[PDB]
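One structure is given below, encoded as structure tokens.
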Amino acid sequence: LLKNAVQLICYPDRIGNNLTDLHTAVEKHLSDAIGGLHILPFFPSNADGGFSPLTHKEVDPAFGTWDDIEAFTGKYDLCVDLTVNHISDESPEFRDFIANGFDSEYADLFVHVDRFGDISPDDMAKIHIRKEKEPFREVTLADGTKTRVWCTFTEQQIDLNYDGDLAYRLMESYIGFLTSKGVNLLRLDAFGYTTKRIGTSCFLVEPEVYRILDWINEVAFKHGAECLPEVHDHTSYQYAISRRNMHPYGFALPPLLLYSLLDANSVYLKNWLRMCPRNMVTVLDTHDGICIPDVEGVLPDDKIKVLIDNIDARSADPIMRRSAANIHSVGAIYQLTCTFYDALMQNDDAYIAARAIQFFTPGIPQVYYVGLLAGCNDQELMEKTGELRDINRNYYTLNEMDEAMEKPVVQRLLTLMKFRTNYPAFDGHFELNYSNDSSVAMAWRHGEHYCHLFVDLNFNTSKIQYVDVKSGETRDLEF
Amino acid sequence: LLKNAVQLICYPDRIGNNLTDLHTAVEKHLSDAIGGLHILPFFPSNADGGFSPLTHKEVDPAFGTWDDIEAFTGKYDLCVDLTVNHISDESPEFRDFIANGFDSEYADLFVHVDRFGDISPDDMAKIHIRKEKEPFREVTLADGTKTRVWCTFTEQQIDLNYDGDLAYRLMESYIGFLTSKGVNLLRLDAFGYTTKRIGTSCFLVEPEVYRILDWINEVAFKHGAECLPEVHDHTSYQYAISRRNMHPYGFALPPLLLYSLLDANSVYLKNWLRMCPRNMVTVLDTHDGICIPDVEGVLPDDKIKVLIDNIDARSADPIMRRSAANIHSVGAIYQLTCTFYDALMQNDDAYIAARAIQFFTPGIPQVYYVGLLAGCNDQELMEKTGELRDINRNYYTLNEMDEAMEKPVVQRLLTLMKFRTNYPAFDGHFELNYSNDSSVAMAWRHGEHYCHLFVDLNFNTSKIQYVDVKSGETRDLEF
Amino acid sequence: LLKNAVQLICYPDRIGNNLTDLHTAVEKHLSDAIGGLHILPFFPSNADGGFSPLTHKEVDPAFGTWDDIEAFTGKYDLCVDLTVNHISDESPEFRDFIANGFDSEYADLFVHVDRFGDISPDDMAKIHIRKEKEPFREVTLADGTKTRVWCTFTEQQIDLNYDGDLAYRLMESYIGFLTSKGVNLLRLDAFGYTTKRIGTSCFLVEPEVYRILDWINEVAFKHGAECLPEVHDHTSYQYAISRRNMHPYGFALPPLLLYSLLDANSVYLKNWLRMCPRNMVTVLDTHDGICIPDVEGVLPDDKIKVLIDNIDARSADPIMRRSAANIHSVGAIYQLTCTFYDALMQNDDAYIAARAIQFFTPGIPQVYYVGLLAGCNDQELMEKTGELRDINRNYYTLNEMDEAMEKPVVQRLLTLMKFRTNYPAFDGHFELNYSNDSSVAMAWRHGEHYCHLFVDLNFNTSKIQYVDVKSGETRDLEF
Ligand SMILES: O=P(O)(O)O[C@H]1O[C@H](CO)[C@@H](O)[C@H](O)[C@H]1O
Ligand SMILES: OC[C@H]1O[C@H](O)[C@H](O)[C@@H](O)[C@@H]1O
Ligand code: NA
């Protein structure tokens, strides 16, 4: 069991300069407002913001040491990424492949494109790949031979072969090591691409995907860890995850709420909460930006397009899904590049009301560090480094964070976080209440404990009433 | 009969400094990659990038001499402009009109607005306008009298009167001189504007336009030349040209391919290839902007707005087709001001694929020099001269071209150009192949010679298989 | 080479009672108004209105004898159907397959489904079939063995195998026999389905389709006959046919005029006329319903829907394409079940104006007999026999035809037919004229001969002025 408490999502090096400064910031400000951390990839990596790890057993010295990670465990749950799809081209295992060729003992760890034979144009177009080139890298071996390996993402990320056995060893090896350092929750990064079969989309291929997923879940449970598979596709996949004793992501909530607050409409939101999957980890913002496929169905297309058209002016160029010439269409946008606070027009009341609704949604709530600090789109950071997503990946010095913590909106968010992390009613059962089509009433009951949220989307007001058991009376949370 | 080879579209003075530097670059890089040249207007001109010639019988000394032109004819086809619509106001023929008035023997060579009497506003609205004012210039005669002449374009370009006889004389004289210098292909510039009749659109007025067009074709054949009539409107006009033993423009192809690659959609392209006008000169980019009206019907309107909206960010202010009686009105989009490479987001694979599809399209392919060198939008040049289309009219020094020739994408383009100009299969018959809705299959067969293009618009991939006749085996072209 | 004259489309037994009554009716009224006939299938048939022939070498005694056929030849062109795709299951060739099994010498004449092995679900969904059943018929052999054959249409129609040799003879045998009886023009029924290749649409498969189509055309040319391949799909195929010395169908014209007249719009019509494929056979109504896919592109989707909604009230249930649950969507309708006269709301002026535009469209005009007699939707005939297309397949007795010939509107149409068949200008060249966007101006010139149509689509007015060579002056055709 994880702590039913708010979690902080954060990089190692963007609050302060390293894992030690991160720990300093948490203890100074968040020591009793969060119950866990999701520390974004802190491994030796050579691509894509830490998501091309050479191994899961080392910490990039630029960030700290394993002792600096274990400083968080013992008081906080620890969520860490497991890049189950791919490992770096600089990894010991893949470098051994280039030197020795197919004589390498790590050969069957990777996907060899010539194994599949000729792939028809139809089977190629099926493949759910998000840039405009084939997912195939031609690498040159030490002996001069040219061969191709499966490569979904950037070329420094070589995909693993779940049709062989070696890949399961490596994950089981990684999991054993991470759990020994105190990892409670394994975020299964990009698991949907693990399933390759020519003739299918090679993404979330059923029922193979769940067998791979049940296996990893068993390994984590053996080593005292639960799983958080991250998938950006139709929400029906989140329920499949939910029904296999794993934590799905509440990705539908961010755009569902953004539309809901901007348009003063509680209908689709109440419909969702009433049927939202269980054991999910709810988010508003992530390190990636607001994802659209995750709300298809949850929100009608015309209302999704209203959302897209409303945010376009406050957001940088969106991340696109491939070959979508119609760049202002629901079917074209993959992720909206925007801080969540800019998505609500820097409206304090709207942002707090959103976080309250998140906190009363069933599941473990994660708060992204930029959102924690009510960060705005980082134009300056985005314009250097070229990374489109850095618009939501502010760097903070410890002073700049101390200063952001004094903003009135952050003090308000900080009270919600303390209330959600400590008040016992959230350990009970969720009971949605009746409301009109422009306001939402959410409540939690655990024995004598009870708390009740009411948000009027017409005026962005947030009211929480809770029962103080030490006195029996009903008080107003001041936030 | 023209050479079935790639042609270069180029100015005299924008590779190096003159026609002499131009000839140097052709022999160094393209000597066996092109079979002809379209050298943009190199006559004495006083407006609009050479298109206001005082005569077609002289070479602007800033560019070179007629001897510099004939250096190209001995080895290459020569396509040169015939401004059938207009000649300069500094021309001898028009200056004689200013001095002597209507007593000049060249008076009936020009269109006098006063023939019509009053022109009602309704008759004005029929005529489209390429300037910001009515196409009527008030000129002052030597004796002080004020009279008006028809002037479609800039006021230094005076339109000719094809209701009289003098205009046919001048064209026949112009044609004779150019063919005597080795000109094979006469580009009839803006011939659609030659037909004037109040009560009509004064543009492509039927059937007068075809009689004017059959006449010039007659003169050219006598002097050993074929014609390339330039008309930017519905593709139906391109077929009428094809059916009169003239070369139409494959003007439909550029915006069609831009869409086909951007959206990974081969349906509309495949339909067009199946019915494309025959004996046409195919282009992707020209010395002008990418023209939209030329793809109506070929491409549904909703997809055209998609295409236009996708290019808006990568293109300058568009050229508009305004009507009269309404001179300060946004009007309809005519040409997108953009390099073809910036129109494909500078995606190398997509650009090579575009040229591959062009080169397998039936007809003589022209490659515009900027496209040859994978040039980007020239913001600095456009802002320096104020000419909106100079964003696609880059200047290259001999060094700047030599360096651009070593770019990998230009090396790939140069391999295709050598293949298309030399491989004999293109002299046979075109045979389109079946494919899915995201790929194109084009093939050419001439006896034992056979070559096969496959372009997957999902991944922007280009594959050509050709048969080496001296051995009978099938090889892959490396590009 | 055919007579450039109006042709009659007619059944054998639906004017009068047999072919002799047809000959009687033709000579009495049309003897100098048409130059040829399209006699719909008059062979022994057991399915689909005559299109399931047991042989092309016999005439169904219910219709007459071959002598009744040769009575038309010598004075009229003769167009007869060649069902190149399929022959009846009661045919001599196929019964031998049932009797002997694969030991039959006619075994390789038919397509055996088990030859292809497993067909993936994707390869089945590709198949362009407009029914909701697999195009596979399970037949029981005489020896009890069960095997499957390819069957596009009704189960009495077994498809032919153009991967073998027997199919080509059977056509060559049919063609030799039909041309020996005086047939000029072979209507190649449903030729698009002759190409089978698993993984393709099995319809118009390029370039195989032209391999088959160039073959038949020569075999027909050998025996003094030209071909009329019927295909209902995008017009690009019509030019593809046109460019191989065969006659395409002007299938785009019927719905194009219907829109143009109903909405007073000549824009798309003039565009088509300017570029329409020629050496085509033009039709307005046929023995089939008014076909929608043949005008996609020629007419924008929004304007096609205008047509569909206007015809919905005056038409029976339309024939649908496969799994088209959206019964009010351009992409769903295949053919509109309606006579052409009811499609123009029984407006005499509008119907004549349509026929006038047809007769001046480049190509051989066919007049369907129901259109000839200005027939209305036959509710009674449709509700009996259950055949949805019989709403356009009126039965006429010899009296009923004599009576309809006296209708004022039929007298006008009969004047046009004489003019289009006899006036020599139509043997010259087509010249489209300028007109506003709500009227059409069409003219023909052949030497001294000249005729000029002007149709105002606002008011359905028809005027034809011709140069009478018997006096040299310009007269008005009275219709
Ligand atoms: O309609 P277009 O093609 O842009 O105009 C054409 O005639 C004009 C005057 O000759 C020139 O401005 C263009 O360079 C030429 O291509
Ligand atoms: O595979 C790694 C990529 O996708 C993952 O889901 C990460 O969340 C994203 O930040 C990264 O770009
Ligand atoms: Na693409």
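By convention in this document, the chains of the structure tokens carry letters A, B, ... by their order, each chain's residues are numbered from 1, and ligands are numbered from 1 in the order they are shown.
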Practice item. Could you please select, counting only C-alpha atoms, the residues of chain B within 12 Å of chain A and state them as a VMD selection string? Key: chain B and resid 257 to 265 302 to 313 343 to 345 347 to 350 434 to 441 454 to 462
Practice item. Can you tell me which residues come within 10 Å of ligand 2 when counting only C-alpha atoms and all ligand atoms, ideally as a PyMOL selection string? Key: chain A and resi 40-41+47-52+81+83-87+152-154+157+159+187-193+229-232+286-289+389
Check your understanding: Given identical sequences, what C-alpha RMSD separates chain C from chain B after least-squares superposition over all Cα in order?
Key -> 1.8 Å
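Interatomic distance, atom CA of residue B:36 to atom CA of residue B:78: 5.6 Å.
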Practice item. Compile the contact shell of residue A:251 as an MDAnalysis selection string: residues with an atom at most 7 Å away, counting only C-alpha atoms, same-chain residues fewer than 3 positions apart removed. Key: chainID A and resid 254 282:283 294
**Study point:** Computed interatomic separation between atom CA of residue B:336 and atom CA of residue C:296 (Å)
**Key:**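 The value is 26.8 Å.
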Exercise for review: Going by DSSP on the backbone, which bits of stretch 339-407 of chain A are helix (DSSP H, G or I)? Write them as JSON, numbers by chain, please.
Suggested key: {"A": [340, 341, 342, 343, 348, 349, 350, 351, 352, 353, 354, 355, 356, 357, 358, 359, 360, 369, 370, 371, 372, 379, 380, 381, 382, 383, 388, 389, 390, 391, 392, 398, 399, 400, 401, 402, 403, 404]}
Can those selected residues be exported to a file as a JSON list (two decimals), in the first residue's frame so that it contains N, CA and C atoms?
```
[["chain", "number", "residue", "atom", "x", "y", "z"],
["A", 340, "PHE", "N", -0.09, 24.51, -16.90],
["A", 340, "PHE", "CA", -1.50, 24.40, -16.57],
["A", 340, "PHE", "C", -2.03, 25.73, -16.05],
["A", 341, "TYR", "N", -1.17, 26.52, -15.41],
["A", 341, "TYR", "CA", -1.58, 27.81, -14.85],
["A", 341, "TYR", "C", -1.86, 28.82, -15.96],
["A", 342, "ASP", "N", -1.05, 28.82, -17.03],
["A", 342, "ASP", "CA", -1.39, 29.64, -18.19],
["A", 342, "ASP", "C", -2.64, 29.12, -18.90],
["A", 343, "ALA", "N", -2.92, 27.82, -18.82],
["A", 343, "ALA", "CA", -4.13, 27.31, -19.46],
["A", 343, "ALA", "C", -5.39, 27.87, -18.82],
["A", 348, "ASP", "N", -6.16, 32.76, -10.35],
["A", 348, "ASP", "CA", -5.89, 32.05, -9.11],
["A", 348, "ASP", "C", -7.08, 31.21, -8.68],
["A", 349, "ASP", "N", -8.28, 31.82, -8.64],
["A", 349, "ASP", "CA", -9.46, 31.08, -8.21],
["A", 349, "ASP", "C", -9.69, 29.85, -9.08],
["A", 350, "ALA", "N", -9.56, 29.99, -10.40],
["A", 350, "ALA", "CA", -9.76, 28.85, -11.28],
["A", 350, "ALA", "C", -8.71, 27.76, -11.04],
["A", 351, "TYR", "N", -7.45, 28.16, -10.84],
["A", 351, "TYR", "CA", -6.40, 27.17, -10.62],
["A", 351, "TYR", "C", -6.59, 26.44, -9.29],
["A", 352, "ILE", "N", -6.94, 27.15, -8.22],
["A", 352, "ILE", "CA", -7.19, 26.46, -6.96],
["A", 352, "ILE", "C", -8.41, 25.55, -7.05],
["A", 353, "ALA", "N", -9.48, 26.03, -7.70],
["A", 353, "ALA", "CA", -10.68, 25.22, -7.83],
["A", 353, "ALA", "C", -10.38, 23.95, -8.59],
["A", 354, "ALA", "N", -9.53, 24.05, -9.61],
["A", 354, "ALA", "CA", -9.10, 22.89, -10.36],
["A", 354, "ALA", "C", -8.37, 21.90, -9.46],
["A", 355, "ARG", "N", -7.40, 22.38, -8.68],
["A", 355, "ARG", "CA", -6.63, 21.49, -7.82],
["A", 355, "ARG", "C", -7.52, 20.84, -6.77],
["A", 356, "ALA", "N", -8.49, 21.58, -6.24],
["A", 356, "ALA", "CA", -9.43, 20.98, -5.30],
["A", 356, "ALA", "C", -10.17, 19.83, -5.95],
["A", 357, "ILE", "N", -10.68, 20.05, -7.16],
["A", 357, "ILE", "CA", -11.41, 18.99, -7.85],
["A", 357, "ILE", "C", -10.50, 17.80, -8.09],
["A", 358, "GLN", "N", -9.26, 18.05, -8.50],
["A", 358, "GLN", "CA", -8.29, 16.96, -8.59],
["A", 358, "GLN", "C", -8.17, 16.22, -7.27],
["A", 359, "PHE", "N", -8.04, 16.97, -6.17],
["A", 359, "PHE", "CA", -7.78, 16.34, -4.88],
["A", 359, "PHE", "C", -8.97, 15.53, -4.39],
["A", 360, "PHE", "N", -10.18, 15.86, -4.81],
["A", 360, "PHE", "CA", -11.31, 15.02, -4.42],
["A", 360, "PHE", "C", -11.60, 13.93, -5.44],
["A", 369, "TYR", "N", 5.80, 20.18, -10.34],
["A", 369, "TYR", "CA", 6.47, 21.19, -9.54],
["A", 369, "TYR", "C", 6.21, 22.59, -10.08],
["A", 370, "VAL", "N", 6.15, 22.74, -11.40],
["A", 370, "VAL", "CA", 5.83, 24.05, -11.97],
["A", 370, "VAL", "C", 4.43, 24.48, -11.52],
["A", 371, "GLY", "N", 3.47, 23.56, -11.59],
["A", 371, "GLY", "CA", 2.14, 23.86, -11.07],
["A", 371, "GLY", "C", 2.14, 24.18, -9.59],
["A", 372, "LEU", "N", 2.94, 23.43, -8.81],
["A", 372, "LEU", "CA", 3.08, 23.73, -7.39],
["A", 372, "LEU", "C", 3.41, 25.19, -7.18],
["A", 379, "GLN", "N", 8.90, 31.13, -21.98],
["A", 379, "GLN", "CA", 9.31, 31.52, -23.32],
["A", 379, "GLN", "C", 10.82, 31.51, -23.45],
["A", 380, "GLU", "N", 11.52, 32.12, -22.49],
["A", 380, "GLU", "CA", 12.96, 32.26, -22.61],
["A", 380, "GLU", "C", 13.64, 30.89, -22.64],
["A", 381, "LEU", "N", 13.22, 29.98, -21.76],
["A", 381, "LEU", "CA", 13.82, 28.66, -21.74],
["A", 381, "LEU", "C", 13.51, 27.89, -23.02],
["A", 382, "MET", "N", 12.28, 28.00, -23.51],
["A", 382, "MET", "CA", 11.92, 27.29, -24.73],
["A", 382, "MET", "C", 12.74, 27.78, -25.93],
["A", 383, "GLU", "N", 12.97, 29.10, -26.01],
["A", 383, "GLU", "CA", 13.66, 29.63, -27.18],
["A", 383, "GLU", "C", 15.11, 29.19, -27.25],
["A", 388, "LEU", "N", 10.48, 22.08, -27.26],
["A", 388, "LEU", "CA", 9.17, 22.70, -27.24],
["A", 388, "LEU", "C", 8.49, 22.50, -25.90],
["A", 389, "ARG", "N", 8.78, 21.39, -25.24],
["A", 389, "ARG", "CA", 8.19, 21.09, -23.94],
["A", 389, "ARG", "C", 8.85, 21.82, -22.78],
["A", 390, "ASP", "N", 10.03, 22.42, -22.98],
["A", 390, "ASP", "CA", 10.64, 23.17, -21.88],
["A", 390, "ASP", "C", 9.81, 24.38, -21.49],
["A", 391, "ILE", "N", 8.78, 24.71, -22.26],
["A", 391, "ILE", "CA", 7.89, 25.79, -21.89],
["A", 391, "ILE", "C", 7.16, 25.46, -20.60],
["A", 392, "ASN", "N", 7.13, 24.18, -20.23],
["A", 392, "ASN", "CA", 6.50, 23.71, -18.99],
["A", 392, "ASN", "C", 7.52, 23.08, -18.05],
["A", 398, "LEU", "N", 16.83, 27.80, -5.57],
["A", 398, "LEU", "CA", 16.19, 27.61, -4.28],
["A", 398, "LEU", "C", 15.56, 28.91, -3.78],
["A", 399, "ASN", "N", 16.21, 30.04, -4.03],
["A", 399, "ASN", "CA", 15.59, 31.32, -3.69],
["A", 399, "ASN", "C", 14.33, 31.54, -4.51],
["A", 400, "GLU", "N", 14.41, 31.35, -5.83],
["A", 400, "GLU", "CA", 13.25, 31.56, -6.68],
["A", 400, "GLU", "C", 12.09, 30.68, -6.26],
["A", 401, "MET", "N", 12.38, 29.48, -5.75],
["A", 401, "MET", "CA", 11.32, 28.64, -5.22],
["A", 401, "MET", "C", 10.81, 29.16, -3.88],
["A", 402, "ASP", "N", 11.72, 29.55, -2.98],
["A", 402, "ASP", "CA", 11.29, 30.16, -1.72],
["A", 402, "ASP", "C", 10.38, 31.35, -1.99],
["A", 403, "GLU", "N", 10.70, 32.14, -3.01],
["A", 403, "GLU", "CA", 9.91, 33.32, -3.33],
["A", 403, "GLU", "C", 8.57, 32.92, -3.93],
["A", 404, "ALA", "N", 8.57, 31.93, -4.81],
["A", 404, "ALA", "CA", 7.32, 31.46, -5.40],
["A", 404, "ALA", "C", 6.40, 30.87, -4.35]]
```
**Study point:** Residue with smallest distance to residue B:411 - pool B:97, B:268, B:479, B:334, counting only C-alpha atoms
**Key:** B:479
Check your understanding: Could you pull the residues within 9 Å of residue B:96, counting only C-alpha atoms, minus those fewer than 6 positions along the same chain, as a ChimeraX atom specification?
Key -> /B:104-107
Selection to disk with N, CA, C and O atoms, as a tab-separated table (two decimals), in the first residue's frame:
```tsv
chain	number	residue	atom	x	y	z
B	104	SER	N	1.23	58.21	-84.57
B	104	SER	CA	2.30	57.22	-84.61
B	104	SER	C	1.82	55.96	-85.32
B	104	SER	O	0.67	55.54	-85.18
B	105	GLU	N	2.72	55.35	-86.10
B	105	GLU	CA	2.39	54.10	-86.77
B	105	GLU	C	2.25	52.94	-85.79
B	105	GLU	O	1.76	51.88	-86.19
B	106	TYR	N	2.66	53.12	-84.53
B	106	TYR	CA	2.52	52.09	-83.52
B	106	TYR	C	1.36	52.37	-82.57
B	106	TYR	O	1.28	51.75	-81.50
B	107	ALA	N	0.45	53.27	-82.93
B	107	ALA	CA	-0.63	53.64	-82.02
B	107	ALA	C	-1.58	52.48	-81.79
B	107	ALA	O	-1.99	52.22	-80.65
```
As an mmCIF file with N, CA and C atoms, in the first residue's frame, list the residues of stretch 216-429 of chain C assigned to strand (DSSP E) by DSSP on the backbone atoms of this structure.
```
data_model
loop_
_atom_site.group_PDB
_atom_site.id
_atom_site.type_symbol
_atom_site.label_atom_id
_atom_site.label_comp_id
_atom_site.auth_asym_id
_atom_site.auth_seq_id
_atom_site.Cartn_x
_atom_site.Cartn_y
_atom_site.Cartn_z
ATOM 1 N N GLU C 226 -15.178 -1.187 -82.171
ATOM 2 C CA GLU C 226 -14.615 -0.353 -81.124
ATOM 3 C C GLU C 226 -15.248 -0.750 -79.796
ATOM 4 N N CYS C 227 -14.661 -0.273 -78.700
ATOM 5 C CA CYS C 227 -15.075 -0.702 -77.373
ATOM 6 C C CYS C 227 -15.644 0.457 -76.565
ATOM 7 N N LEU C 228 -16.559 0.123 -75.660
ATOM 8 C CA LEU C 228 -17.186 1.082 -74.747
ATOM 9 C C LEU C 228 -17.123 0.465 -73.360
ATOM 10 N N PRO C 229 -15.994 0.610 -72.668
ATOM 11 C CA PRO C 229 -15.883 0.055 -71.311
ATOM 12 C C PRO C 229 -16.723 0.874 -70.343
ATOM 13 N N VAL C 281 -18.806 8.483 -74.968
ATOM 14 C CA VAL C 281 -20.222 8.325 -75.281
ATOM 15 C C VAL C 281 -21.014 9.012 -74.179
ATOM 16 N N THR C 282 -21.707 10.100 -74.505
ATOM 17 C CA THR C 282 -22.426 10.871 -73.498
ATOM 18 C C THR C 282 -23.822 10.304 -73.277
ATOM 19 N N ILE C 290 -29.130 7.083 -61.609
ATOM 20 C CA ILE C 290 -28.212 8.184 -61.857
ATOM 21 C C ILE C 290 -27.044 8.028 -60.897
ATOM 22 N N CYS C 291 -25.844 7.877 -61.440
ATOM 23 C CA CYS C 291 -24.710 7.425 -60.646
ATOM 24 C C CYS C 291 -23.918 8.605 -60.088
ATOM 25 N N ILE C 319 -29.868 3.347 -54.562
ATOM 26 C CA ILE C 319 -28.964 2.219 -54.372
ATOM 27 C C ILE C 319 -27.754 2.696 -53.584
ATOM 28 N N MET C 320 -27.346 1.906 -52.596
ATOM 29 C CA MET C 320 -26.354 2.326 -51.621
ATOM 30 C C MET C 320 -25.038 1.594 -51.842
ATOM 31 N N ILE C 333 -24.455 7.251 -51.240
ATOM 32 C CA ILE C 333 -25.287 6.938 -52.395
ATOM 33 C C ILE C 333 -24.420 6.474 -53.556
ATOM 34 N N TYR C 334 -24.846 5.399 -54.214
ATOM 35 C CA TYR C 334 -24.201 4.932 -55.432
ATOM 36 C C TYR C 334 -24.956 5.362 -56.683
ATOM 37 N N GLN C 335 -26.253 5.078 -56.750
ATOM 38 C CA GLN C 335 -27.084 5.456 -57.884
ATOM 39 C C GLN C 335 -28.435 5.955 -57.389
ATOM 40 N N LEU C 336 -28.917 7.038 -57.997
ATOM 41 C CA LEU C 336 -30.243 7.569 -57.707
ATOM 42 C C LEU C 336 -31.268 6.867 -58.597
ATOM 43 N N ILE C 364 -20.327 10.915 -78.621
ATOM 44 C CA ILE C 364 -21.542 10.331 -79.189
ATOM 45 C C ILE C 364 -22.664 10.376 -78.161
ATOM 46 N N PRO C 365 -23.776 11.038 -78.461
ATOM 47 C CA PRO C 365 -24.871 11.100 -77.493
ATOM 48 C C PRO C 365 -25.771 9.886 -77.591
ATOM 49 N N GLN C 366 -25.991 9.220 -76.469
ATOM 50 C CA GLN C 366 -26.994 8.179 -76.374
ATOM 51 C C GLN C 366 -28.236 8.735 -75.694
ATOM 52 N N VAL C 367 -29.400 8.382 -76.235
ATOM 53 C CA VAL C 367 -30.689 8.723 -75.646
ATOM 54 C C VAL C 367 -31.346 7.431 -75.191
ATOM 55 N N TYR C 368 -31.632 7.344 -73.896
ATOM 56 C CA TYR C 368 -32.324 6.198 -73.324
ATOM 57 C C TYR C 368 -33.806 6.293 -73.641
ATOM 58 N N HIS C 429 -14.895 20.580 -84.937
ATOM 59 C CA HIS C 429 -14.223 20.793 -83.665
ATOM 60 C C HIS C 429 -15.125 21.563 -82.708
#
```
Point to revise | Residue with smallest distance to ligand 1 - pool B:317, B:138, B:378, B:233, counting only C-alpha atoms and all ligand atoms | key: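 Among the listed residues, the smallest separation from ligand 1 belongs to B:233.
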Env of residue B:162: 10 Å cut, atoms = only C-alpha atoms, seq-sep filter 3 positions within chain, self excluded. Answer as a PDB file with C-alpha atoms, in the first residue's frame.
```pdb
ATOM      1  CA  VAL B  84       2.829  38.239 -75.368  1.00  0.00           C
ATOM      2  CA  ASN B  85       0.738  40.433 -73.069  1.00  0.00           C
ATOM      3  CA  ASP B 108      -2.924  50.689 -82.785  1.00  0.00           C
ATOM      4  CA  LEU B 109      -0.416  48.376 -81.035  1.00  0.00           C
ATOM      5  CA  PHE B 110      -1.799  49.270 -77.599  1.00  0.00           C
ATOM      6  CA  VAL B 111      -5.158  49.080 -75.824  1.00  0.00           C
ATOM      7  CA  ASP B 159      -0.434  45.774 -72.646  1.00  0.00           C
ATOM      8  CA  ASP B 165      -2.790  43.801 -86.533  1.00  0.00           C
ATOM      9  CA  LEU B 166       0.403  45.453 -85.249  1.00  0.00           C
ATOM     10  CA  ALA B 167       0.536  43.223 -82.168  1.00  0.00           C
ATOM     11  CA  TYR B 168       0.783  40.033 -84.201  1.00  0.00           C
ATOM     12  CA  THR B 194      -4.400  39.252 -74.070  1.00  0.00           C
ATOM     13  CA  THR B 195      -8.155  38.767 -74.597  1.00  0.00           C
ATOM     14  CA  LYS B 196     -10.027  41.977 -73.765  1.00  0.00           C
ATOM     15  CA  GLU B 208     -10.711  34.215 -78.820  1.00  0.00           C
ATOM     16  CA  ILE B 212      -4.667  33.901 -80.403  1.00  0.00           C
TER      17      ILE B 212
END
```
Practice item. Could you tell me which of B:139, B:409, B:5, B:292 comes closest to ligand 1 if we count only C-alpha atoms and all ligand atoms? Key: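 Of B:139, B:409, B:5, B:292, the one nearest ligand 1, counting only C-alpha atoms and all ligand atoms, is B:292.
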**Study point:** Contacts of residue A:280 within 9 Å, only C-alpha atoms, excl. fewer than 3 positions in-chain, as a list in words
**Key:** residues 228, 238, 242, 246, 247, 248, 249, 250, 276, 277, 362, 363, 364 and 365 of chain A
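In this comparison, which uses only C-alpha atoms, the residue of B:237, B:218, B:245, B:395 approaching residue C:273 most closely is B:237.
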Check your understanding: So how many Å separate atom CA of residue B:199 and atom CA of residue C:267, to one decimal?
Key ->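 If I compute the distance from atom CA of residue B:199 to atom CA of residue C:267, I get 17.1 Å.
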Practice item. Determine the nearest neighbour of ligand 3 from the options A:452, A:270, A:130, A:169, counting only C-alpha atoms and all ligand atoms. Key: A:130
